[PDB]
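Just the one chain here, laid out as structure tokens, in the form solved without ligand ATP.
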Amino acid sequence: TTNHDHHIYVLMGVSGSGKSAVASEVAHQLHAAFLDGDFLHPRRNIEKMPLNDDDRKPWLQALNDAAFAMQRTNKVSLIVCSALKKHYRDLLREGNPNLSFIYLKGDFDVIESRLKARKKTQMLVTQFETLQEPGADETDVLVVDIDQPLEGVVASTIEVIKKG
């Protein structure tokens, strides 16, 4: 069964919005479970690695199943998944009423500079075109401004998680 006393937060946003870094630190501070969704891409997906809907299908099912597994024994679970399209989000939501999204939101230049700093440019543009910012119909979406130092993003994400 779904445990309503427990909750899943899917950190979403385009590649470069710092999702893993944020999730890892938040998880550590809240003693929460943490899953970087990027690790569940199918064998085949890693072999290819602008992915398509059919590409993402099995991945999103895996992430839906993982969230279900995580909420059984964890009060708080964080899953990183860009979840750019509303449909991807609805897929994560299936049978998971106790799941919400924390949208790490930033402008193109902020994300572009983080990407340029890492250890692509066109994909980022493509990232933004694909992204459908959650609208008023999605009431389980909380937004955090990533145009701030890492510790601030972390603390904004924590506030968003604790406000309820």
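Each form is matched to the other, and the largest set of C-alpha atoms that superpose within 1.5 Å is called the rigid core. Sequential numbering from 1, following the sequence displayed.
Beyond the structure shown, there is the form solved in complex with ligand ATP, which is absent from this document and is the topic of what follows.
**Prompt:** Here the chain is shown alone; which of 48, 118, 43, 31 has a heavy atom within 4.5 Å of ligand ATP in the deposited complex?
**Reply:** Answer to the contact question: 118.
**Item:** Touches ligand ATP in the deposited complex: residue 114 (any heavy atom, 4.5 Å)
**Value:** Taking the distances in the deposited complex, the answer for residue 114 is yes, it comes within 4.5 Å of ligand ATP.
**Item:** ligand ATP contact at residue 156 in the deposited complex, heavy atom, 4.5 Å
**Value:** Taking the distances in the deposited complex, the answer for residue 156 is no, it never comes within 4.5 Å of ligand ATP.
**Request:** Give a yes/no on whether residue 143 approaches ligand ATP to within 4.5 Å in the deposited complex, heavy atoms considered.
**Result:** Taking the distances in the deposited complex, the answer for residue 143 is no, it never comes within 4.5 Å of ligand ATP.
**Asked** 37, 92 and 95: each with a heavy atom within 4.5 Å of ligand ATP in the deposited complex?
**Response** So, no: the whole triplet misses ligand ATP.
**Asked** Does any residue in 9-33 get within 4.5 Å of ligand ATP in the deposited complex, counting heavy atoms only, and if so which ones?
**Response** The stretch touches the partner through 14, 15, 16, 17, 18, 19, 20, 21.
**Message:** So that I can tell if residue 31 moves, could you say whether its C-alpha shifts by at least 2 Å between this form and the one not shown after the core superposition?
**Reply:** No, the C-alpha position differs by under 2 Å between this form and the one not shown.
**Message:** Does residue 105 move appreciably between this form and the one not shown, meaning a CA displacement of 2 Å or more on the superposed rigid core?
**Reply:** The answer is no, as the C-alpha of residue 105 shifts between this form and the one not shown by less than 2 Å after core alignment.
**Item:** Yes/no, residue 95 Cα shift of 2 Å or more between this form and the one not shown with rigid core fixed
**Value:** Residue 95: C-alpha displaced by less than 2 Å between this form and the one not shown.
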